[PDB]
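Only one chain comes next, encoded as structure tokens, the form deposited in one PDB entry.
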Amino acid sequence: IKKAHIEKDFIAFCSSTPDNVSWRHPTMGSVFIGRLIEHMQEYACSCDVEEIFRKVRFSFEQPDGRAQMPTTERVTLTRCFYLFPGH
């Protein structure tokens, strides 16, 4: 028998910061989910999930009318998670 870490190789990504609200469009859809789709399509080939989710936060950096900041929590990733689309 051999021991192993109970929690490892996890990553959570939320739509807003704690004690704040996320913005959802009634006909177009959630601003966060839409932007995650725009970034994942373009950067899955050259960037990893940590590199991608960092770029996602940057597009929210300018607050006008409605403001929301995505956050990355409880990260136990020891390696780079590259998707490699097409393979």
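Basically, rigid core = biggest C-alpha set you can superpose within 1.5 Å across the two forms. Residue numbers run from 1 along the displayed sequence.
Another form exists, deposited in another entry; not displayed. Remarks below refer to it.
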Open item on the list: Superposing on the rigid core, I want to see if residue 10 changes position between this form and the one not shown - specifically a Cα shift of 2 Å or more.
Closed with: no
Open item on the list: With a threshold of 2 Å on the C-alpha, tell me if residue 20 counts as moved between this form and the one not shown once the core is superposed.
Closed with: yes
TODO: Establish whether a shift of 2 Å or more occurs at the C-alpha of residue 66 between this form and the one not shown, with the two forms superposed on the rigid core.
DONE: yes
Task: Direction of C-alpha distance change in the other form, residue 56 to residue 19 (at least 3 Å) - done: closer
Open item on the list: Knowing the shift is 3 Å or more, I'd like to know if the C-alpha atoms of residue 19 and residue 38 are closer or farther apart in the other form than in the shown chain.
Closed with: closer
